[PDB]
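Undergrad: Build me a model:
(3 chains, ligands or ions: 5)
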Amino acid sequence: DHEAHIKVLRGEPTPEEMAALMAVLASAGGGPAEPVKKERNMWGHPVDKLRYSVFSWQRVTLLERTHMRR
Amino acid sequence: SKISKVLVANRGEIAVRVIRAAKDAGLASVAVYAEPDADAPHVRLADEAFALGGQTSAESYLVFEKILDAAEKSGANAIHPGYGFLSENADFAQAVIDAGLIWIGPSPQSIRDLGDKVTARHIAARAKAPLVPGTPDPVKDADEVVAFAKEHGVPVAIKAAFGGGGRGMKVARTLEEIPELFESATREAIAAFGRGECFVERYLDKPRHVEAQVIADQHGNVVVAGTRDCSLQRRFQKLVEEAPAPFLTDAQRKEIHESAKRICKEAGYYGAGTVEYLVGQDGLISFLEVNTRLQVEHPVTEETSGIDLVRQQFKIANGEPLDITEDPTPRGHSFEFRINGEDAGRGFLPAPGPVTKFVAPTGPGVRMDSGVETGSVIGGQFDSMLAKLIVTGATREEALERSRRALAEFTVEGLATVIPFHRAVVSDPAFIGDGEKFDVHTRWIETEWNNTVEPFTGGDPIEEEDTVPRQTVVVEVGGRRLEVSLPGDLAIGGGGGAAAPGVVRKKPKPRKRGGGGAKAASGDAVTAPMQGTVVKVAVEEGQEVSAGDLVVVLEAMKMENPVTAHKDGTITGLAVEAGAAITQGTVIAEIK
Amino acid sequence: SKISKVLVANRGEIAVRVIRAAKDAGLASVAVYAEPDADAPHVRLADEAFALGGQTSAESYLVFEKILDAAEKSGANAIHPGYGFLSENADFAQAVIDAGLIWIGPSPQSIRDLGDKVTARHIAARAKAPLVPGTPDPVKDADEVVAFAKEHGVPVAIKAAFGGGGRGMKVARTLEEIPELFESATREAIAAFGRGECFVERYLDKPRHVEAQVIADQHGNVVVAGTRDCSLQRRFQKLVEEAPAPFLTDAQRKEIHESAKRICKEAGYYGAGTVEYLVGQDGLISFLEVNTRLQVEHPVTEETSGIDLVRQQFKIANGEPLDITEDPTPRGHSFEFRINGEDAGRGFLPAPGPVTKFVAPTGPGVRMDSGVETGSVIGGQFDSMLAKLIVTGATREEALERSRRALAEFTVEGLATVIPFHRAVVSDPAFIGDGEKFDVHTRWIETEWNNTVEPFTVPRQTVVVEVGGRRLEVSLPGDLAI
Ligand SMILES: Nc1ncnc2c1ncn2[C@@H]1O[C@H](COP(=O)(O)OP(=O)(O)OP(=O)(O)O)[C@@H](O)[C@H]1O
Ligand SMILES: Nc1ncnc2c1ncn2[C@@H]1O[C@H](COP(=O)(O)OP(=O)(O)OP(=O)(O)O)[C@@H](O)[C@H]1O
Ligand SMILES: *C(=O)CCCC[C@@H]1SC[C@@H]2NC(=O)N[C@@H]21
Ligand SMILES: [Mg+2]
Ligand SMILES: [Mg+2]
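TA: Numbers count the residues shown, from 1 in each chain, chains lettered A, B, ... in the order given. Ligands and ions are numbered 1, 2, ... in the order given. Please see the structure below:
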């Protein structure tokens, strides 16, 4: 076991109060849910809108890397 | 003449204590400090402060020339030495007197005579003090030690005539040990103290340590202000002390109160002092020592007897007779707990570190004498003691109850302390006792106490789950105040964030070289394992050495650590000399 | 029967003091706090803590239902009220007893009897205590007040029979003022305390306030733990106090010691309490009051007599007989200095503010009882007292010397405090005294003292859950990110 658990550092709640606390915290916990994936869509990416000199090193380190990085 | 400005030739808690006594007396006060102490409370609390310079005791508080120069420049007219350093240096006492300053202490002759153990034995025998069966003079040879031990039985303690700090003794359980022990004793007494003289006495198996506070004036009056019991000792150094001494018959108690006065009168002693005794399991008292200084433990006597002992020192050094004509009657009971910067989870070894938090207990029956505060730093150069907690009550039971409270309130953070030990022992049946005796003794902490203190780790993340960020919030449920620690990744209900892309958790590696499965690499460098002072160099360049051979002794926190050759070879680059300050990882030498 | 868990129905310094006593006694302790105190030291020091809610004493610590609800929810079996608030409310004491809790205090009837200064005067007379000349019954009109002031001479005090806090007393210096003062006092007593009953007595010109600490047994034993002097006062409220009371003759230490026993024993009193007296410049003692609670000043008596008075309260409420069999001998001398947030440079006017630094003195002879620490915020909702510095020595002179030290060390920053006043008075010849008398008196601060002090220079979310049969409000920080 190496999950980081909730800790009650001070106080000793009765089981009813532990249940109220955990129910409220679990209702507050929200948003991401399961780890869905944002699908890759490079259409109209900002790096493609920039002017690069024909010999710009940013063609390698910015443009190409942005397209290739996965 | 009369004291008007006191220079406090010390540091830390005792310097604060004496500065406070001087303000109460209306005297001006001068602090002196080494460079590590440039921000210490006493430096800020005194009416003046003078920088001795230097980083270590040998080049600051031990230098006569510097302390007398600080007194001259400040125009101080008295010196109070505190305890340690020069407080028992008879030649410093003489130099202070020769400078025309008021020495707040016993005469140089009294210091010299009571500091010599065998002269002290003669003084106590002349005073008809209770002595443990033992040799009246230094023993000459292991054969004489064997003859003594054959007469008196076993075990026998062989002791250096000038030793201190618990290193002054060895004990022989079986006769055959005597020659090796005597060799070790004469060797190490020459090495540490410059004197080879050894004497032998009966070793007491489970003794209590009991001591009488004396106040003696220059007019020959003596008052015994009370007794302490100081049996909770570690490495023969005291950790918990209490007053009055509990569980003594009135016959024992009066014999202590009388022999202490006879001993002081025979010694010609004046000033504050203390007569130390041992009490055997048989109940026999035996004279042990006279300490020619104010004791560290003095405040439990102050709290029980109602006397300000530092101001009594000022009065005596003014040459006034004692206004106290009779031994005070103790009221209540008091404990002192030394707050040493020592980790009880590693055999009470001291370590330097930052005092990132210091919250003293307060309220009924609590007194705090501290030399540190939040933001202080403990370097490796001086004794580990941060502070003293004194807890007083109407009875030993009420003082224990208050001690359990106060020690639960006491918070120190950023370095290890013995507070977890004090929390244990004030709740341990061996020290609570049965109401007529108790089981603690001068070796109980090492050999009897159930040490369950977990080693100090501070805030370091050690396990995988420790690496996760956390938030602490206060929730009220039905009115109950709860403090709730929430992981920064809690996947409860719809919660998430268990991993941003590519985030991995694993057990962090300790900030130490290599794996713990080996001591060191095959490299040739001997490197210092800690900050400290090179106290001894045991080798010379071109010396051939073998693994385990001593290379240097490093003193840190006033404890010696031997640094030893990790391989065989030739010492090829000895880079340090005795007295050199040294940092962790410094190359001392290469072995080739 | 016996105390097992104590709820401390108070705040600040006294809440800390009682929590500490409970910890010493091995009892469990329950704190309660109003929202301004949600991080006060006592809330963290107690074994349990309950929010009362509310922003003021009347919304919180004074609400019987909130205190008894916290006791019910925490499972406390005793209540200790401290001082102030409900500590002398006989109806609350009764409500506690009816709730079946151990009330750590005197009986509701003893409270109600001694809280009426008229019935108190009767009990004192029947106990044959010294009494100042005065009417045995409330005065009906200014003409009765004038007749009294003619027959016994001016000045005369017109005093409310109910309430106090220093506002309950007005002084008529000459007969022409009496009608206005009488009517004004009547209307003000109606407004402030709901009852207009007032009485008249001789006003002492420069008295010393002296008081006896009593511990009294449910079995009718009584002990005087010591005399105390509280004559340094402003607005008739105490600022510096000391024990034992200095410069009394033995015939005045006796008489006080015996009157206090007689008064309490005839009132049927039990618990801790104080019989307050005035001592005139003629040296005549007069009974003044009984306070039916632990005194604010009590630490100076604990230091001089060696008794833990809160633990004595616990024993008496357990109904154990007193283990102290005789009046203790005072050992040394002790002072207490109240560290109020009042600016002595502006007529001791209270000012709220942040306690941006708080460094109590330490070392020999110093005790600090504190309700605040660094980072506390002081608002106007409660009394100004931050802490009490208690200083003790073998003699009065030594305790003064130690006080000059400790008060020079005492550092407080971010609001005004009376510390500069304490620093003056401990050096002031009027208080040091000539060695057989001193010149301070209960008006010596507002007059006669040289006031050379310079002037000072998101809501929580709530969710109402239900769990089985209980409503449970869960209160969260308003920005909980979770
Ligand atoms: N004969 C003995 N038998 C048992 N223990 C002993 C004996 N002599 C000394 N000890 C132990 O040694 C401790 C301290 O010894 P001692 O007082 O002689 O040295 P010290 O404190 O280092 O002296 P100094 O004042 O010279 O620095 C005693 O508390 C006791 O624990
Ligand atoms: N007859 C009197 N002559 C002079 N001063 C008096 C007299 N009666 C009361 N005082 C002054 O009133 C204050 C104490 O009065 P009292 O005991 O009625 O106070 P209170 O407002 O009821 O407060 P508490 O009950 O909290 O002590 C002190 O300043 C005392 O000097
Ligand atoms: C050293 O840093 C200063 C003095 C503190 C150590 C001394 S040694 C002798 C006394 N006994 C003790 O335990 N501490 C004192
Ligand atoms: Mg010793
Ligand atoms: Mg009053």
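
Undergrad: Relative to ligand 3, how far out is the residue lying closest to residue B:497 once chain neighbours are set aside?
TA: Excluding its sequence neighbours, the residue lying closest to residue B:497 (CB to CB, 6 or more residues apart in numbering or on different chains) is residue B:489, at 5.4 Å. Backbone N, C-alpha and C define where each C-beta goes, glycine included. Residue B:489 sits 47 Å away from ligand 3, taking CB to the nearest ligand atom, to the nearest Å as the criterion.

Undergrad: Next one: residue B:489 from residue A:33, what distance?
TA: From residue B:489 across to residue A:33, the span is 14 Å (CB to CB, to the nearest Å).

Undergrad: could you list every residue that touches the nearest residue to residue B:388 once chain neighbours are set aside?
TA: Counting by CB to CB, 6+ apart, residue B:388 lies nearest to residue B:369, which is 4.7 Å off, once chain neighbours are set aside. With contact set as CB atoms under 8 Å, 6 or more residues apart in numbering or on different chains, residue B:369 has these partners: B:13, B:16, B:17, B:299, B:387, B:388, B:390, C:362, C:363, C:364.

Undergrad: Of the residues you listed - the most surrounded one?
TA: The residue in the contacts of residue B:369 with the most neighbours, by other CB atoms under 10 Å in any protein chain shown, is residue B:16 (27 neighbours).

Undergrad: Which parts of chain A are strands?
TA: Remark: strands assigned in chain A by DSSP state E are A:7-10.

Undergrad: Could you list which of the contacts of residue B:369 belong to strands?
TA: Within the contacts of residue B:369, residues falling in strands by DSSP E are B:387, B:388, B:390.

Undergrad: on that earlier part again, closest to chain A out of the contacts of residue B:369?
TA: Each of the contacts of residue B:369 was scored against chain A by CB to the nearest CB, and residue B:387 proved nearest at 26.2 Å.

Undergrad: wait, the closest one sits on residue B:355?
TA: No: counting by CB atoms under 8 Å, residue B:387 does not reach residue B:355; the two are 10.0 Å apart.

Undergrad: Mutual contacts of those two, please.
TA: Residues touching both residue B:387 and residue B:355 (CB under 8 Å, 6+ apart): residue B:372.

Undergrad: Mind checking if stretch B:530-549 is in reach of ligand 3?
TA: No: using CB under 6 Å from any ligand atom, stretch B:530-549 never reaches ligand 3; the gap is at least 12.6 Å.

Undergrad: any residues touching that stretch, and which ones?
TA: When contacts are defined by CB under 8 Å, 6+ apart, stretch B:530-549 is touched by residues B:56, B:58, B:352, B:379-381, B:550-556, B:560-561, B:564-574, B:576-584, B:588-589, B:591.

Undergrad: With adjacent residues omitted, what lies nearest to the residue nearest to the spatial centre of chain A?
TA: In chain A, the residue lying closest to the centroid (CA atoms, centre = their mean) is residue A:32, at 8.3 Å. Taking CB to CB, 6+ apart, and ignoring the residues beside it in sequence, residue A:32 has residue B:496 as its nearest neighbour in space, at 2.8 Å.

Undergrad: Same question for residue B:371.
TA: Among residues not flanking residue B:371 along the chain, residue B:12 sits closest, at 3.2 Å (CB to CB, 6+ apart).

Undergrad: before we move on, what about residue B:284?
TA: Distances taken as CB to CB, 6+ apart put residue B:130 closest to residue B:284, at 7.1 Å, once the chain neighbours are dropped.

Undergrad: My guess is the one you found contacts residue B:286. True?
TA: Yes: in terms of CB under 8 Å, residue B:130 counts as a neighbour of residue B:286; the distance is 5.5 Å.

Undergrad: quick one: common contacting residues for those two?
TA: residue B:277.

Undergrad: which residues touch the residue nearest to residue B:497?
TA: Going by CB under 8 Å, 6+ apart, the list of residues near residue B:489 reads A:4, B:468, B:469, B:497, B:498, B:499.

Undergrad: and which of the contacts of residue B:369 is nearest to ligand 1?
TA: For the contacts of residue B:369, the residue nearest ligand 1 by CB to the nearest ligand atom is residue B:388; the value is 17.7 Å.

Undergrad: For residue B:275, give the beta-bridge partners.
TA: residue B:212, residue B:290 (DSSP bridges).

Undergrad: right, and it touches residue B:262 too?
TA: No: between residue B:275 and residue B:262 there is no contact under CB under 8 Å: 9.8 Å.

Undergrad: measure the residue nearest to the centre of chain A to residue A:4 for me?
TA: Residue A:32 sits 17 Å away from residue A:4, taking CB to CB as the criterion.

Undergrad: before we move on, what about residue B:365?
TA: From residue B:365 to residue A:4 the distance is 41 Å (CB to CB).

Undergrad: With residue B:266 instead?
TA: 69 Å.

Undergrad: and what of residue B:191?
TA: Between residue B:191 and residue A:4 the computed distance is 54 Å (CB to CB).

Undergrad: Next: residue B:48.
TA: Going from residue B:48 to residue A:4 by CB to CB gives 54 Å.

Undergrad: How about residue B:35?
TA: On the measure of CB to CB, residue B:35 and residue A:4 end up 44 Å apart.

Undergrad: Show me where chain A has its helices.
TA: For chain A, the helices defined by DSSP state H occupy A:15-28, A:58, A:65-68.

Undergrad: quick one, which of those helices is nearest to chain C?
TA: Chain C lies closest, by CB to the nearest CB, to one member of the helices of chain A: helix A:15-28, at 4.3 Å.

Undergrad: Show the subsequent helix or strand relative to the closest one.
TA: Going down the chain from helix A:15-28, the next helix or strand is helix A:58, by DSSP states H and E.

Undergrad: what's the closest non-adjacent residue to the residue in chain A that ligand 5 sits nearest to?
TA: Using CB to the ion, residue A:10 is the residue of chain A that sits closest to ligand 5, at 38.3 Å. In space, and not counting its chain neighbours, residue A:10 is closest to residue B:483: 4.0 Å by CB to CB, 6+ apart.

Undergrad: before we move on, what about residue B:374?
TA: Closest to residue B:374 by CB to CB, 6+ apart is residue B:358, at 5.0 Å.

Undergrad: Many thanks, have a good one.
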